[PDB]
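First comes one chain, alone, set out as structure tokens in the form deposited in one PDB entry.
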């Protein structure tokens, strides 16, 4: 199943990106792209602690981001909060991102998913 390939590639990504992140943290500052790579692997992982670590890394990178970079960070924060079923924070990030980009179809479908899950 595609799920087996996905899980094995997830394990490889997690290992190698954690290695790069830790190598950069041990020797001086960690670059923004490496921290983003790590958080991006983390929020797509199947472990919820991994998604939490990715959300933390994205929130830490958020203030020292550029223009497009903070929009990407907010998109992935919405994704991560959606996956942890923290639908309000997901809705906050996706509504902010859609306020700065009204017709990003991906963030519109993401907010659609969050709203569909919020109705209980």
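Positions refer to the first chain, counted from 1. Only residues modelled in both forms are compared. Here the rigid core means the biggest group of C-alpha atoms that line up within 1.5 Å when the two forms are laid on top of each other.
The same protein also exists as the form deposited with a partner chain bound; that form is not shown, yet it is the one meant from here on.
In the entry with it bound, its partner chain sits beyond 4.5 Å of every heavy atom of residue 29. In the core-superposed comparison between this form and the one not shown, residue 7 has its Cα shifted by at least 2 Å.
Distance between the C-alpha atoms of residue 8 and residue 42: shorter in the entry with it bound than here (change of 3 Å or more).
In sequence order, there is one run of three or more residues whose C-alphas all shift by 2 angstroms or more between this form and the one not shown, with the rigid core superposed, and it is 1-10.
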